[PDB]
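[1] PDB entry and its sequence, pasted below:
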Amino acid sequence: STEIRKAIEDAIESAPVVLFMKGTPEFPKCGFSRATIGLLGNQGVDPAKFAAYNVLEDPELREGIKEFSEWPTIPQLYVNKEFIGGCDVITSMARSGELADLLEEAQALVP
């Protein structure tokens, strides 16, 4: 819908690093959403350059981001408006070091 597409665009432009997740950073849903929040914390992502949105109680946004990203699972990471991936990709990139490089180059890490 017009509203959902606008919502998604607004969400992804709201910060250099954006996470669609189950729960919130304060109350993250156990499982892959909480793990991914912790992973981003360990990476040193600057909270001032980060935004997260809870799809867990927002069925329209949940379905919307899955269609938009062409990816069916949550959480999903966007950096500078680009889809980076769901959890497997995020975690793999963290392990290999591509995530750190990406976040550094996006100037999204704490000083």
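    Looks like it arrived, so ask away. Numbers count the residues shown, from 1 in each chain.
[2] going by C-alpha atoms from here, please, whenever you check contacts or count neighbours.
    Fine.
[3] between the two ends of stretch 60-79, what distance do you get?
    Its start and end residues considered, stretch 60-79 measures 22 Å (C-alpha to C-alpha, to the nearest Å).
[4] show me which residues of it are buried.
    61-62, 64-66, 69, 73-79 (16 or more other C-alpha atoms under 10 Å).
[5] how about these in TSV, adding secondary structure and distance to residue 11?
    Converted to TSV, those look like this (DSSP: H, G, I helix; E, B strand; the rest coil; distance: C-alpha to C-alpha, whole Å):
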residue	secondary structure	distance to residue 11
61	helix	10
62	helix	12
64	helix	12
65	helix	10
66	helix	14
69	helix	13
73	coil	17
74	coil	15
75	coil	14
76	strand	12
77	strand	11
78	strand	10
79	strand	11
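[6] wait, which of the residues you listed is closest to residue 27?
    residue 75 (14.2 Å; C-alpha to C-alpha).
[7] gap between the spatially most central residue of the chain and residue 72?
    Closest to where the C-alpha atoms of the chain average out (C-alpha atoms, centre = their mean) is residue 19, at 1.8 Å. Distance of residue 19 to residue 72, computed by C-alpha to C-alpha: 14 Å.
[8] ok, residue 89 next?
    To residue 72, residue 89 is 13 Å away according to C-alpha to C-alpha.
[9] same question for residue 110.
    Counting by C-alpha to C-alpha, the gap from residue 110 to residue 72 is 31 Å.
[10] circling back: dump the buried residues of stretch 60-79 to JSON lines, plus distance to residue 7.
    Output for those, formatted as JSON lines (distance: C-alpha to C-alpha, whole Å):
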{"residue": "61", "distance to residue 7": "8"}
{"residue": "62", "distance to residue 7": "11"}
{"residue": "64", "distance to residue 7": "9"}
{"residue": "65", "distance to residue 7": "10"}
{"residue": "66", "distance to residue 7": "13"}
{"residue": "69", "distance to residue 7": "14"}
{"residue": "73", "distance to residue 7": "19"}
{"residue": "74", "distance to residue 7": "17"}
{"residue": "75", "distance to residue 7": "17"}
{"residue": "76", "distance to residue 7": "15"}
{"residue": "77", "distance to residue 7": "16"}
{"residue": "78", "distance to residue 7": "14"}
{"residue": "79", "distance to residue 7": "17"}
